[PDB]
Amino acid sequence: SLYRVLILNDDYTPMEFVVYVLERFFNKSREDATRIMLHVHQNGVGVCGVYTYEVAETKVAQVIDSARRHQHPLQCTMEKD
């Protein structure tokens, strides 16, 4: 059973940081990171990647840790895929 990692839109986190997160933690190409960031901006939520449960939890935690240490409120969660 695999799990999708999601990021949520907000009106505080810079677009460029979201792209950075997608490239750093989810192995996204520049183009794919840009498109996912924009999809989240437009739709409120988007999929970052799909992993086993414990790896998805790891990615969520790494994103939250990174975001808060960069002074951004970016929300990240996971759901069964």
Side-chain angles (χ1 to χ4, degrees):
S1 295
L2 301 180
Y3 293 77
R4 60 178 69 171
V5 175
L6 305 177
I7 51 170
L8 286 297
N9 191 47
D10 68 62
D11 314 318
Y12 303 114
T13 300
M15 287 189 174
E16 290 286 332
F17 181 73
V18 179
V19 170
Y20 163 88
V21 160
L22 288 161
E23 294 169 350
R24 179 171 186 102
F25 297 106
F26 299 100
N27 195 37
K28 296 301 185 192
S29 68
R30 188 189 57 233
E31 181 172 277
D32 286 350
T34 301
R35 290 184 184 182
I36 293 165
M37 176 278 290
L38 289 167
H39 181 87
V40 176
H41 179 79
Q42 293 172 338
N43 297 107
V45 61
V47 176
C48 299
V50 176
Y51 308 92
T52 61
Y53 188 80
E54 299 79 4
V55 174
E57 290 183 274
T58 301
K59 295 293 187 182
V60 169
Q62 288 178 357
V63 171
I64 290 162
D65 169 55
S66 176
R68 301 302 176 276
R69 287 188 294 98
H70 287 77
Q71 311 285 110
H72 305 311
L74 183 62
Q75 190 169 34
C76 185
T77 190
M78 54 188 276
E79 289 177 355
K80 286 183 50 51
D81 194 52

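Atom set for the values below is all heavy atoms of this structure, side chains included, hydrogens, waters and symmetry mates excluded. In this chain, residues are counted from 1 in sequence order.
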Does CD belonging to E23 count more than 12 external heavy atoms closer than 6.0 Å? yes
If you apply the rule side chain to side chain contact (heavy atoms under 4.5 Å, CB included), what do you find for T52 with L2, and how did you get there? CA-CA 5 Å; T52 61; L2 301 180; 4.0 Å; yes
Looking at every heavy atom in both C76 and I64, which two are closest together, and how far apart are they? O-CD1, 3.9 Å
How about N27: does its CG atom have over 12 heavy atoms from other parts shown lying under 6.0 Å from it? no
Between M15 and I7, is there a shared hydrophobic cluster once you connect ILVMFWY residues whose side-chain heavy atoms come closer than 4.5 Å? yes
Please tell me whether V19 and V45 are part of a single hydrophobic cluster in this structure, the criterion being side-chain heavy atoms less than 4.5 Å apart. no
What residues, two or more places apart in sequence or in another chain, satisfy salt bridge (charged side-chain N to carboxylate O under 4.0 Å, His left out) together with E16? none
How far apart are the closest heavy atoms of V40 and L8, and which atoms are they? CG1-C, 3.8 Å
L22 to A33 - nearest heavy-atom pair and separation: CD1-O, 3.4 Å
Nearest 0.5 Å please: distance from the CG atom of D32 over to the CE atom of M37. 12.5 Å
Checking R69 now: which residues fulfil salt bridge (charged side-chain N to carboxylate O under 4.0 Å, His left out) with it, not counting sequence neighbours? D65
Here's a test for you: under side chain to side chain contact (heavy atoms under 4.5 Å, CB included), which of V50, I36, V21 qualifies with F26? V21
Enter the distance from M78:CE to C48:SG here, rounded to the nearest 0.5 Å. 12.5 Å
Nearest heavy-atom approach of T13 to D10 is N-OD1, 2.7 Å
Is it the case that atom CZ in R68 sees more than 12 heavy atoms from other parts of the structure closer than 6.0 Å? yes
Check: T58 side chain, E54 main-chain N or O, donor-acceptor pair, under 3.5 Å: yes
Counting C-beta onward and ignoring hydrogens, is there a side-chain heavy-atom pair between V47 and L6 closer than 4.5 Å? yes
Please round to the nearest 0.5 Å and tell me the distance separating atom CD of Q62 and atom CZ of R24. 9.0 Å
Where does the angle between the aromatic ring planes of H70 and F17 fall among parallel (under 30°), tilted (30 to 60°) and perpendicular (over 60°)? tilted
If you take all heavy atoms of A56 and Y51, which pair is closest and at what distance? N-CB, 3.7 Å
If you take all heavy atoms of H72 and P14, which pair is closest and at what distance? CE1-CD, 3.3 Å
